[PDB]
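Heads up, the thing below is written out as structure tokens.
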Protein chains: 2
Amino acid sequence: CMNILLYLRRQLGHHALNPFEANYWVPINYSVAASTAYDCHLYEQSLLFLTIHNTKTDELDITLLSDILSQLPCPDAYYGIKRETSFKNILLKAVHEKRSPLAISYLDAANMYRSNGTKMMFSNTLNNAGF
Amino acid sequence: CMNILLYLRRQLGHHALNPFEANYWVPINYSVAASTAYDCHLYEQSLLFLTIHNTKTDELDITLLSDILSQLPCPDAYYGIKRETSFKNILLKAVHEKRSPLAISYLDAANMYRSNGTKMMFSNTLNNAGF
């Protein structure tokens, strides 16, 4: 369904003034299509559908955008949106970056001592660091 | 016996050219006295005997000096004598500082799997680092 929607989108709709109007020349909602795409694991399509909706109505879902940026295979992703800067957010940022200064080992040690998939993150950081 | 030795060394020697040779009025080898003092747990006294012996014979026991400086209460000890660096001198020097740069945690982690005392040094390094 996403493929046929995109395929109709590329073709020039009849008596359509705007190419984006040709995208909506079939009346569809881009948020639900983008959610289905991200559930279909083809993330570039989900990003395209988000861009369609934002260019139309500016209705980007922050949760969906953050999740897409996370799971997206591109290297410089997951930094597209800036989450509320808490300890957990910088813990995730460190475990994704895998940095030695202010290493995620310190953050996960704080989590374990304070009893706050953190275990998987700690083990991954330990194995990827070298210890 | 060490108390008598020191008491006699302190006294003014009649027709004695040097206070140095006055410290050697009773013929003895100060190196064995210093080793006994180190075994007597009076490390400052052991260093005094070691330096008087080195003033006489210039024949200090390097291993004995390292053993003395390992337990000396002064914080800026352990660096008087340099041990030619190997993968055991780096670890032992980093244990004392308990520092995160040039991580003693890293060297301990490497040695715990390369199999190159440690069962307490590692735990104390981890505790001192704060993890």
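In this analysis, Cβ positions are derived from the backbone assuming ideal geometry, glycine residues included, and neighbour counts consider all displayed protein chains. No lab work stands behind these numbers, since they all come straight from the coordinates.
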Subject >> Label distances, nm, A:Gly117 versus same residue in remaining copies, Cβ-directed 7 Å point >> reply: 4.3
Original post:
Using a Förster distance of 41 Å, how high is the FRET efficiency between B:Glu59 and B:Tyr113, based on the Cβ-Cβ distance and rounded to 0.05?
Top reply: 0.45
Original post:
How many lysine pairs in chain B, separated by 8 or more positions in sequence or lying on different chains, have Cα atoms less than 22 Å apart?
Top reply: 6
Subject >> Pseudo-label separations to other copies for A:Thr36 - Cα-to-Cβ vector, 7 Å, nm >> reply: 9.6
**OP:** Can you tell me what the convex hull of the Cα atoms of chain A projects to on average, as an area in nm²?
**Re:** 9.9 nm²
Original post:
Where the label is 7 Å out from Cα toward Cβ, how close does B:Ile4 come to the same position in every other copy, in nm, shortest first?
Top reply: 11.1
Original post:
If you put +1 on each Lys and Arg Cβ and -1 on each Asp and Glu Cβ, how big is the dipole of the protein assembly as shown around its Cα centre, in Debye rounded to 20?
Top reply: 140 debye
**OP:** Enter the Cα centre distance for the pair the range A:15-57 and the range A:60-131, rounded to the nearest angstrom.
**Re:** 30 Å
**OP:** Among the chymotrypsin sites (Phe, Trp or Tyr not before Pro) in the range A:41-89, which ones are in a DSSP loop with at most 16 other Cβ atoms within 10 Å of the Cβ? Mind listing them?
**Re:** A:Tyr79
Subject >> Cα gyration tensor shape of the range A:1-63, rounded if a/c is under 1.5, else prolate or oblate by comparing a/b with b/c >> reply: oblate
**OP:** Sorted from largest down, give the three principal axis spans of the alpha carbons of the protein assembly as shown, whole angstrom values.
**Re:** 125, 32, 31
Subject >> Spatial extent of the range B:47-121: Rg and Dmax, with the Cα atoms as the point set, Å >> reply: 15.0, 47
Subject >> For chain B, calculated [θ]222 nm from helices alone, where every DSSP H run of n ≥ 4 adds -39500 (n - 2.57) >> reply: -17500 deg cm²/dmol
